[PDB]
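Quick heads-up: it's one chain on its own, the form deposited in one PDB entry, in structure tokens.
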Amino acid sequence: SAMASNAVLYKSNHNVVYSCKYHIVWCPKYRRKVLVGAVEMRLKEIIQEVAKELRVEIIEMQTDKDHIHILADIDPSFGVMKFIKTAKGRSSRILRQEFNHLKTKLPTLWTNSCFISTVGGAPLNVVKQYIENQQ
């Protein structure tokens, strides 16, 4: 992980060659510090199952009590929202079934929002000038 190359390695679906990495962040309802202990270990396991099913590659994932950071490699045609929607939605249903305190003390496990930031190997300014200098 610490020595994982950040150099691009493209992949493709039937019509698109791509490399789309997203930094996704979301928090529990009311920003409660519920992602600890067992809840945390299960959350990551669940999201990993979702990733495998959705052909999404979790490059990095760390939970930190009242929020979670994921760095995912997703097919842009598939849609980062499909991954997020499934990871959050399934993790909610399951974690709330497995951990009664999350079902009784919160109307929902997550909020309706999330933070999404795309990332690449190169910084935005490098790409911008590269495009700018096409001719």
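Numbers follow the displayed sequence, beginning with 1. Only residues modelled in both forms are compared. By rigid core we mean the largest C-alpha set that fits within 1.5 Å across both forms.
Novice: Select between 95 to 103 and 62 to 70 the stretch whose C-alpha atoms have the higher average B-factor in the entry.
Specialist: According to the entry, 95 to 103 carries the higher average C-alpha B-factor.
Novice: Comparing 36 to 44 with 83 to 91, which has the greater mean CA B-factor as deposited?
Specialist: Result of the comparison: 36 to 44.
Novice: Ranked by Cα temperature factor within the chain, is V25 in the lowest third, the middle third or the highest third?
Specialist: Tercile = lowest for this residue's CA B-factor.
Novice: Using the temperature factors of the C-alpha atoms in this entry, rank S113 within its chain: lowest, middle or highest third.
Specialist: Lowest third - that is where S113 ends up once the chain's C-alpha B-factors are sorted.
Novice: What third of the chain does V16 rank in for C-alpha temperature factor, lowest, middle or highest?
Specialist: Within its chain, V16 is a middle-third residue by C-alpha B-factor, going by the deposited values.
Novice: Taking only the Cα B-factors deposited for this chain, tell me whether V127 sits in the lowest, middle or highest third.
Specialist: Middle third, going by the recorded CA B-factors of the chain.
What comes next is about the form deposited in another entry, which does not appear here.
Novice: Take the rigid core as the frame of reference and indicate whether the C-alpha of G120 shifts by 2 Å or more between this form and the one not shown.
Specialist: Moves: no, less than 2 Å.
Novice: Indicate closer or farther: the Cα atoms of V119 and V126, in that other deposited form, relative to the displayed form, with a change of 3 Å or more.
Specialist: Farther apart, which means the C-alphas of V119 and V126 are at least 3 Å more distant in that other deposited form.
Novice: Quick one: with a 3 Å or larger change, is the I74 to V126 CA distance smaller or larger in that other deposited form? Answer closer or farther.
Specialist: Result: closer.
Novice: With a 2 Å cutoff on C-alpha displacement after fitting the rigid core, which stretches of 3 or more consecutive residues move between this form and the one not shown?
Specialist: Run 121 to 134 stands out as the only one displaced between this form and the one not shown - at least 3 residues long.
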